[PDB]
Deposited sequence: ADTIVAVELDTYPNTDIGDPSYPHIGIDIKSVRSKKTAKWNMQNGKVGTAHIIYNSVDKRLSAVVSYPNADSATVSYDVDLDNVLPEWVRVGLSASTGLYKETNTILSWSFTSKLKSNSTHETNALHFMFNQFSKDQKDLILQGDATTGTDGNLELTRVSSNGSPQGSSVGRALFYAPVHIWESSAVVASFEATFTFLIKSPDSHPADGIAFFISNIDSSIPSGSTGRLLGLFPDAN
């Protein structure tokens, strides 16, 4: 199966797989059962921003999520990603719905990785502030589409703009990303994305994640709903 490191914006509390009893941000290392969570005061129908940062010296994966006019939520976990992920990865966004539903709309996405050797810099940077119908530098999986209102819709939305249940979709950047190299003295990455989660319901589900995977990662069988398009089971 795939190797997954993700930051989840988990909109629906599944208390039998260890979610707390509230919407939360979480760090997921090879399991949907977050190694660390924080309470997230999710706002239905508001555009929010998530930031993810890591470096190989500190070996600490950190995330912050906010909305305009509101306090942030943050979570951190000590993990050496060179012990979890392979040397070459792909980076992506995932989202799902289940019997409860929401839009999983991405308005922008940026990513920077840097490898500094002892010679000196290798870097990759992309920024999307709008998505075209045919966005050739993204690999879309499952129900993900680009170009509606210039956005990335990770899960299915109707003609009328209503979100659909039982949906899963992902978008990965086309180029592999180099996160370890034998002469690297510092490796770092940052990601940002802006999202709009809207639901007609009092109980939206299931969430959006930023993830890093093996380069050939695909949507696991039956990873709708609580598994966020990332994991085949709740182990």
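- What the model leaves out of the deposited chain is one segment, 120-121.
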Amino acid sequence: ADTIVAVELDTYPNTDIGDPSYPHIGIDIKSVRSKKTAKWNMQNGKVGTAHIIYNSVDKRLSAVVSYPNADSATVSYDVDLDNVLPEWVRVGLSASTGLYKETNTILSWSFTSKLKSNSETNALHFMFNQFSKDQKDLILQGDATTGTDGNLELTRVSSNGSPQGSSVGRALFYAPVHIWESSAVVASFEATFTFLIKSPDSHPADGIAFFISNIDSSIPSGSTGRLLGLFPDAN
From here on, numbers count along this sequence of modelled residues.
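- Averaged over CA atoms, B-factors in the entry run higher in 179-187 than in the other of 179-187 and 202-210.
- Look at the C-alpha B-factors of 151-159 and of 102-110. On average they run higher in 151-159.
- The entry assigns its greatest Cα B factor, within the set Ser117, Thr74, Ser94, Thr97, to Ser117.
- Compared with the other modelled residues of the chain, the Cα B-factor recorded for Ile25 ranks in the lowest third.
- Residue-level temperature factors show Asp216 in the highest third of its chain, judged at the C-alpha atom.
- Sort the chain's modelled residues by C-alpha temperature factor and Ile197 lands in the middle third, per the entry.
- The entry lists a Cα temperature factor for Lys136 that places it in the middle third of the chain's modelled residues.
- Residue-level temperature factors show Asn14 in the middle third of its chain, judged at the C-alpha atom.
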